[PDB]
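Take a look at the structure below.
A note on names: the letters A, B, ... follow the listed sequences, proteins ahead of strands, and every chain is numbered from 1. Order of listing sets the numbers, starting from 1, for every ligand and every atom in it.
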There are 2 protein chains.
Amino acid sequence: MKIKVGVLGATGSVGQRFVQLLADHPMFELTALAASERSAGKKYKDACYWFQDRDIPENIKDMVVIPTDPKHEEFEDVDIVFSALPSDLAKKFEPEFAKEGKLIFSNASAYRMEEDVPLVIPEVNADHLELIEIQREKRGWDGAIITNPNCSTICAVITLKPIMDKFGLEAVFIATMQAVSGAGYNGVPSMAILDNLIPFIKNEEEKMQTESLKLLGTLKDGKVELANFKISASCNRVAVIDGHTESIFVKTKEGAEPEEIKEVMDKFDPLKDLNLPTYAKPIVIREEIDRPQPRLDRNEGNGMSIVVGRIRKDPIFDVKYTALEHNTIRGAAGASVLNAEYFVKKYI
Amino acid sequence: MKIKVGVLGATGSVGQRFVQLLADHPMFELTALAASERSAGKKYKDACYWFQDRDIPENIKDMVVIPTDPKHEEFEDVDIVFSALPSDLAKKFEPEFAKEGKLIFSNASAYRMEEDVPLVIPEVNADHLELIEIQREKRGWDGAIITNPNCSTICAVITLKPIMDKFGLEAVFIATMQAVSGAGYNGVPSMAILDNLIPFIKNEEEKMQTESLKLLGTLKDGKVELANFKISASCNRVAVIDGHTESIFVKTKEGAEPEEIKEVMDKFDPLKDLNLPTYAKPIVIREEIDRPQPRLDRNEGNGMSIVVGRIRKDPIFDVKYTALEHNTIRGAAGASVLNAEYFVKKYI
Ligand SMILES: NC(=O)c1ccc[n+]([C@@H]2O[C@H](COP(=O)([O-])OP(=O)(O)OC[C@H]3O[C@H](n4cnc5c(N)ncnc54)[C@H](OP(=O)(O)O)[C@@H]3O)[C@@H](O)[C@H]2O)c1
Ligand SMILES: NC(=O)c1ccc[n+]([C@@H]2O[C@H](COP(=O)([O-])OP(=O)(O)OC[C@H]3O[C@H](n4cnc5c(N)ncnc54)[C@H](OP(=O)(O)O)[C@H]3O)[C@@H](O)[C@H]2O)c1
């Protein structure tokens, strides 16, 4: 048997990655696909303008899309709902599903910074899922909202976590070169990135500078106490389909050599024995001079591994390096799926 | 004015920009075009695989390419010779031209860090041209080798200069997103940047971390005393034809607000009213949220203006901002042409 699952915003960029991950899954059975009123009524293949380089999973093609309605009869037997909704629709619909007793695993920014909402990467702050007990008391529902972080934030935080545990953190500079896929099919126009780039992604730097502090914070007396290190981000959009690349410069508390930083990242593997279907080694170290590269490395761990290269001495801080993340798997859909897999094993 | 000039490596990427700049110049007349023996004897149009979005200037098309030989008949009345040679060929040919009493204005990295060789941006360190007198003593030739810096270095240094004069410099972080045209026509393969990027450009970070200190250093007792601020670069190659974009994070000595940084950059204009043909305002400030963009802004000042946008507070240092440079004009050919214009108008 399997836990029956649904997807909100199933036809969009993240939704399609949810669909790929859940079509054939050992724990979860995809039984419900939700989108807007326009898509509701049609087969998934017709409602969705599919833009993945692998075809729609065969068992999902003819699955009829339903409206985003928690009390719809197709949602009655589903226990876990994955959300790929835009933020404003997430504020409306996600509490509705939680009131119906359903577990919401959301990529939307809406509830990320709420004090009773877990903002989780399972390798980093799994214990923050304890906030659901608190959430249920204060909100009065028996469901739950669990959020995964912003894609750029996940990439940085995974690499920073083992460093912080061993050497502490003082200050982090990050410059990103971000793919277009997360903005949706009609998100980034061709002329924004054709022989061009954009040195701006609305709210991206703010998200990186704030979400990171909660993720690397400490749960204490029913609240997450934000981390105290300093963080400055500069975000950019480039002509890449999938894969966010980050130039990261790190100042530790204790001081650290590049070889020591490499070691803690390589040994970082807190989820190895948990038998999670979407598991991958958190950080894969490249020794090549010109790696990671989005096209060559984004499929690492089926899109779930962060790939790090060029770990070297920084003239100013301690260490600088390049990190790559599949922005749409580890950065979103995979982040929530891993969250859900971990949640049913360890929580309730 | 019709001062006769030559171009070394005239057929390559920087060579073509030299040709564009010098074909119809109010001071210089292009009379000699030098390249390899493969190209020698051919009309420029046949020898050069021209890849600029504007056609070869009509007067240069039928001009016969000559060998790279300072003794050549076409170099007799030519005192000013521009060099777009690769470094290893520059080490061979540039001293040969200096020995023939010619002034080499070079984009090659070969002689940049020689202590008797000027490494000059006229807006920044025009006084470093005095090094040619020390150079003539040491080397025993009556010509000179005068270099412009690395394209990435120029962009950063131009922005840092007015900041250093007013507020001083402690530390600078730079992350670059670099166009492909600098590597030459056969430099960056399509599959390096098609739905991809390379987080590495050989020796680029080293150049930025070393050349900057000479450019911003103080000439004293016939030597440049290197600047003492800390600098760390991360360089990347992206799918852009022309235009290098840099994310810069600056820590000043005295402390500064974004508006103060904006003001000193906007007022930075030491070369105005000299009637230099290749003059442009050094730094153009964009107020838009998503500017500068390579395709929109690289033509600013005909490729000679550095374009800066998104000047804002840094959570760690004082200020962060985005800088853009046309990498082949201001970054290379225009850099040396401006050097030579300043040379006749100010140095002789
Ligand atoms: N584009 C930019 O913005 C930029 C900026 C900074 C630096 N650069 C420099 O430009 C280089 C790459 O571009 P590119 O396409 O110009 O390289 P390239 O194709 O090697 O062209 C440079 C010159 O060297 C070549 N050459 C080979 N053997 C020669 C010889 N015996 N004598 C004279 N020239 C010889 C070419 O001559 P033939 O064509 O006749 O073979 C050409 O004229 C890099 O090394 C870099 O340092 C470019
Ligand atoms: N993919 C990633 O890796 C990733 C990472 C981070 C963030 N994101 C997020 O994903 C978003 C952009 O991607 P996208 O193209 O998926 O956007 P989107 O298509 O607008 O959002 C997903 C869903 O919203 C749409 N929608 C419009 N009106 C609706 C309604 N009344 N009820 C339910 N859905 C409605 C789509 O339905 P129809 O198709 O039926 O119109 C459906 O695909 C951003 O807002 C961003 O926050 C994605």
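In summary, the side chains of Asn148(B) and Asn339(B) do not present any donor paired with an acceptor at a separation below 3.5 Å, with no hydrogens or angles considered. Between the side chains of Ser181(B) and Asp242(B), at least one donor N or O sits under 3.5 Å from an acceptor N or O.
Within 4.0 Å of ligand 1, heavy atoms belong to protein residues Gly9(B), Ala10(B), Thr11(B), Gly12(B), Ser13(B), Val14(B), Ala35(B), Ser36(B), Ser39(B), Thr68(B), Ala84(B), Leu85(B), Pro86(B), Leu89(B), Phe93(B), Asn107(B), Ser181(B), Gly182(B), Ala183(B), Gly184(B), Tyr185(B), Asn327(B), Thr328(B), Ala332(B). Near ligand 2, residues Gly9(A), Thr11(A), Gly12(A), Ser13(A), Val14(A), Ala35(A), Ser36(A), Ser39(A), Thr68(A), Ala84(A), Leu85(A), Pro86(A), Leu89(A), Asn107(A), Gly182(A), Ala183(A), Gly184(A), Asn327(A), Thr328(A), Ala332(A) each place a heavy atom inside the 4.0 Å sphere around the ligand atoms.
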I'd like to know whether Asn302(A) forms a side chain to side chain contact (heavy atoms under 4.5 Å, CB included) with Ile329(A), so could you lay out the CA-CA distance, the side-chain angles of the two residues, the decisive distance to 0.1 Å, and finally the verdict. CA-CA 8 Å; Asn302(A) 305 122; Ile329(A) 303 169; over 6 Å; no
Pair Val117(B), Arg112(B) - check side chain to side chain contact (heavy atoms under 4.5 Å, CB included), show working. CA-CA 6 Å; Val117(B) 173; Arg112(B) 287 185 192 154; over 6 Å; no
Practice prompt. Dump the intermediate steps for side-chain hydrogen bond (donor to acceptor under 3.5 Å, both in side chains) on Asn150(A) and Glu204(A), then the final yes or no.
Written response: CA-CA 8 Å; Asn150(A) 163 263; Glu204(A) 196 78 357; 3.1 Å; yes
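Checking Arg17(B), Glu300(B), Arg298(B) one by one against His326(B), the side chain to side chain donor-acceptor pair (under 3.5 Å) holds for a single residue, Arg17(B).
Taking each heavy atom of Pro57(A) and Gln20(A) in turn, the nearest pair found is CG-CA, 4.3 Å.
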Donor-acceptor contacts under 3.5 Å from residues 82-99 of chain B side chains, at least two apart:
unit_1, atom_1, unit_2, atom_2, d
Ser83(B), OG, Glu94(B), OE2, 2.7
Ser87(B), OG, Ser109(B), N, 3.3
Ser87(B), OG, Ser109(B), OG, 2.4
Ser87(B), OG, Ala110(B), N, 3.4
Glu94(B), OE1, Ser106(B), OG, 3.3
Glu94(B), OE2, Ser106(B), OG, 2.6

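Taking the salt bridge (charged side-chain N to carboxylate O under 4.0 Å, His left out) definition, one finds that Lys202(B) meets it with nothing, sequence neighbours left out.
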